[PDB]
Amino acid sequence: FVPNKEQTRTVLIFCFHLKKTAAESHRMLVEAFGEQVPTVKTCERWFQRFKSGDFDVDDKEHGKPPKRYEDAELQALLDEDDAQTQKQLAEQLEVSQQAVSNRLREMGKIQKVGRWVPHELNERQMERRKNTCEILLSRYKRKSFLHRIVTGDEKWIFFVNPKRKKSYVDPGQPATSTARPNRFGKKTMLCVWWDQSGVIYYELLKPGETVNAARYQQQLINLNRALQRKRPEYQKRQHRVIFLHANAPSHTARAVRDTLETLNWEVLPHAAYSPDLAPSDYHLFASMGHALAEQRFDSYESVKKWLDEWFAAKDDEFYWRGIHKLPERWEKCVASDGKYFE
């Protein structure tokens, strides 16, 4: 009925503690469970190991084939090139693909996708960015000027922004498919300026309408009006407002370049290809990106009506937080020697 290599050795422990002999136990063993029991020679050996003081009922580790390549030998490949295929590594290790699968899960390794990054910068752009951030930081060290900062940027809002569905289902079964987004589709073109205390002023352009040097100039003033009545502490300190914006063509034309001299603001330095230093981009629009995902607008009216609901829901401190992230981002901008950071 009840033999078992593990159970048998347990019985040998029991006999040995009762102080019975090796051979005697082997007779009691055969008396209980019949002939199929082991030899006395093993009982003697097991007893031998008990006299040593080692009551482990499991085997010691058997012999095994030699490793065809070392763990640190694989890691050396990944050091030079983070991202290769299993079959690419397997090929370099004179081994099969699935062997490499195993070693990878055996080591601490997982597969995670790379980050997209805005642009392929040169040493040129990197030095500019680095220096700008170096400059903006040193000033913040002396005097914290973020309370004075007002920023804005412009962002397309598509009427239909479908996200790919991801469904929970039994293997081999098809998941829910979604229709692709046709680039040439209805899209308003939100323009928005804001500060640490909230959103100041925004214009949602009509389908297809955009921003030329004339339209922007007209916006800067429409802003300053709404800014005067929204921010009391401004009318006196009309020269103390710090303006942060993108280096677009309509953001440099004479007609506008002028309008900022007459408004008498301080245009903040903003390096080339630097969305990661642009509050509106990394914080405001980022947040929005989520809220917009798989959201569907039929008419401009609903878009403008959605914007308003959104902007309102947001607490003042959300925007505050976005602005007061500039310092830490500058600390990374510099630390990374001008490259993009996480």
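Residue numbers run from 1 along the displayed sequence.
In this crystal structure, the stretch out of 249-257 and 217-225 whose C-alpha atoms carry the higher mean B factor is 249-257. Mean CA B-factor, 24-32 versus 272-280: the higher value falls on 24-32. Out of 234, 116, 243, 156, it is 234 whose C-alpha atom has the highest B-factor in the PDB entry. The PDB entry gives the largest Cα B-factor of the residues 267, 99, 191, 199 to 267. When all modelled residues of the chain are sorted by CA temperature factor, residue 39 is found within the middle third.
Among all modelled residues in this chain, the alpha-carbon of residue 300 has a temperature factor (C-alpha) in the middle third. Among all modelled residues in its chain, residue 306 ranks in the middle third by Cα B-factor. Among all modelled residues in its chain, residue 181 ranks in the highest third by Cα B-factor. Among all modelled residues in this chain, the alpha-carbon of residue 195 has a temperature factor (C-alpha) in the lowest third.
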